[PDB]
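K.L.:
To start, I am sharing the structure in question, which I have written as structure tokens.
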Amino acid sequence: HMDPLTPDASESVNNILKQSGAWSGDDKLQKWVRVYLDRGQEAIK
Amino acid sequence: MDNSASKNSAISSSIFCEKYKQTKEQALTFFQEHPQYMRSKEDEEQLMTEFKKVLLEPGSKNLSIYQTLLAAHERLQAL
């Protein structure tokens, strides 16, 4: 007799949660500008 | 926010960079004068996504920021 199949699954796998980092105030317009300069030719700062 | 920072660098060699001034002004002005985000959370969203797609769509990416937003706006309220 033989086996039905070879099932797969996680193995010694790890993960790190990263829920932080946000903007406000200037980000409102920053997004627009950033995109304009990012799409125009390249970033600027 | 204590220990904050606004400046970025004192390397003013390219004029294109200075444009950040006019652009930023046009943004805040259009955002304060017509705060769509305050009118409808969905409106601002659609305008953003479209504003980004309308910027890459055209090949004249070297166009005035006034056209980018202008087109992105009128396009948002297009039939």
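Chains A and B are the protein sequences, given in the same order. The numbering used here numbers the first residue of the first sequence as 1 and each following residue consecutively. The numbering used here numbers the first residue of the second sequence as 101 and each following residue consecutively. Every residue, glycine too, gets a C-beta built ideally from N, C-alpha and C.
#1: Pick out the complete alpha helix (DSSP H) segments inside the segment 132 to 168 of chain B, 4 residues or longer, and give them in chain order.
#2: Can the beta-carbon of B/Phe131 be found closer than 8 Å to that of B/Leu169?
#3: Would you please state the rounded distance, in angstroms, between the beta carbons of B/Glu145 and B/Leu176? I believe it to be under 8 Å.
#4: Looking at A/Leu29 and B/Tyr120, is the spacing between their C-beta atoms short of 8 Å?
#5: Would you mind stating whether A/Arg39 and B/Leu155 have Cβ atoms separated by less than 8 Å?
#6: Are the C-beta of B/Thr123 and some C-beta of chain A separated by less than 8 Å?
#7: Near B/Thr123, which residues of its chain fall below 6 Å by C-beta distance, leaving aside the five closest residues on each side in sequence?
#8: Reducing DSSP to helix, strand and coil, say where A/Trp23 ends up.
#9: For B/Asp102, which residues of its own chain have a beta-carbon under 7 Å away from its beta-carbon, when the five flanking residues on both sides are left out?
#10: Look up A/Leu5 in the DSSP assignment and say whether it is helix, strand or coil.
P.N.:
This is what the structure gives:
#1: 136 to 139 and 141 to 156
#2: no
#3: Not really, about 10 Å apart at Cβ, beyond 8 Å.
#4: no
#5: Against a cut-off of 8 Å, the Cβ pair of B/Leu155 and A/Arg39 comes out as a contact.
#6: At least one C-beta of chain A is nearer than 8 Å to the C-beta of B/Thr123.
#7: Cβ within range, chain order: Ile165.
#8: coil
#9: none
#10: coil
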